[PDB]
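Written below as structure tokens is the structure these notes are about.
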Ligand SMILES: O=P(O)(O)Cc1cccc2cccnc12
Ligand SMILES: [Zn+2]
Ligand SMILES: [Zn+2]
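Numbering (full-length UniProt numbering), first residue to last: 42 to 270.
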């Protein structure tokens, strides 16, 4: 059930949940797909992650207008790399309230990103401080510890079997942990396992660079990360 919409791909995952996919021709790595989420919560839409670029992110909003036709109340982005935050200006131009881990917003300028408007902060156990995530509806935001990056955050969708690991989690057949340039290799395995423990009911694991998978994505990612230590 993939829907080609311009240069992007959209796939319904649940009655109120769709995955957005965008591509960037990155020299040395081919045309890399990146996934995020679109969630309808009653009369509004919530977005997880931008596309790689402003133009692609505007195209996500165009798809939302044509297929859902409800306002986008907010977006949350899951770390300060291009695939997750590269389209921040398009969200701001559209009047959408944007949220990121405080550390992502601090890192955004040096990473070439535009910061989100609002900062999420996290309790010692990883759960978002609820006052910093107002009106998130079914989105449950969890900081699992440093892994793919020090700022990576994850999102469960209450009322569904879906949890989103972003670039922390790779699929159950993945050959590597991908881009470790900003990774915490010592803590990766525990962070991947903490994501699994935060969302024990999630049987569909969504991630940045592979199609949705079973929880074997979590166990396999953690087992690969065991080897980094
Ligand atoms: O780490 P990601 O997935 O957020 C962004 C990304 C994806 C693929 C290859 C990369 C190479 C260098 C830097 N970033 C890359
Ligand atoms: Zn990244
Ligand atoms: Zn990635």
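Yeah, the Cβ is synthetic: ideal placement off N, Cα and C, and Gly gets one too.
Same chain, Cβ closer than 6 angstroms to residue 100, five either side skipped, listed in chain order:
47 and 49
From the DSSP output, read off the bridge partner residues of residue 70.
Bridge partners of residue 70: none, in fact.
Any chance you could list the residues with Cβ under 7 angstroms from a heavy atom of ligand 5, keeping chain order?
No copy of ligand 5 appears in this structure; the ligands present are ligand 1, ligand 2 and ligand 3.
Can at least three beta-carbon pairs, one atom from the segment 173 to 187 and one from the segment 64 to 82, be found at a separation below 8 angstroms?
yes
Taking residue 174 and residue 229 to be in contact with their CB atoms under 8 angstroms, please state how far apart those CB atoms are, rounded to whole angstroms.
That belief does not hold up - the Cβ atoms of residue 174 and residue 229 are roughly 25 angstroms apart, past 8 angstroms.
Per DSSP, which residues does residue 160 bridge with? Please list them.
141
Can residue 98 and residue 136 be called in contact, C-beta distance under 8 angstroms?
no
My understanding is that residue 156 touches residue 142, with C-beta atoms under 8 angstroms, so please give their C-beta distance in whole angstroms.
Wrong, their Cβ atoms sit about 11 angstroms apart, outside the cutoff.
So residue 209 and residue 182 are supposed to be a Cβ contact under 8 angstroms. How far apart are they, rounded?
That pair is no contact at about 13 angstroms.
What separation, rounded to the nearest whole angstrom, lies between the Cα atoms of residue 66 and residue 169?
34 angstroms
Can you name, in chain order, every residue of its own chain whose Cβ lies under 6 angstroms from the Cβ of residue 196, other than the five neighbours on each side?
89, 180, 182 and 205
Continuous alpha helix (DSSP H) stretch holding residue 43: start and end
Run containing residue 43: none in the alpha helix (DSSP H); it sits in the beta strand (DSSP E), 43 to 46.
Please determine, among 104, 221 and 202, the residue with the shortest C-alpha to C-alpha distance to residue 45.
Nearest option by C-alpha distance: 104.
Any heavy atom of ligand 1 inside 7 angstroms of the beta-carbon of residue 205?
no
C-beta contact flag for residue 249 and residue 207 at 8 angstroms:
yes
Residue 129 Cβ short of 7 angstroms to ligand 1 heavy atom set
No, ligand 1 has no heavy atom inside 7 angstroms of this Cβ.
Just how far apart, CA to CA, sit residue 264 and residue 110?
42 angstroms
Would you report the Cα separation of residue 193 and residue 86, rounded to the nearest angstrom?
23 angstroms
To the nearest angstrom, how far is the alpha carbon of residue 37 from that of residue 242?
Here the chain covers residues 42 to 270 and nothing more, so residue 37 does not appear.
Ligand 1 heavy atoms versus the CB of residue 196: any closer than 7 angstroms?
It does not: the Cβ of residue 196 is nowhere closer than 7 angstroms to a heavy atom of ligand 1.
Among 233, 167 and 72, which has the Cα closest to the Cα of residue 256?
233
Taking 8 angstroms as the cut-off, decide whether the C-beta atoms of residue 149 and residue 121 are in contact.
yes
How many Å lie between residue 213 and residue 108 at the Cα?
Rounded to the nearest angstrom, the two C-alpha atoms are 31 angstroms apart.
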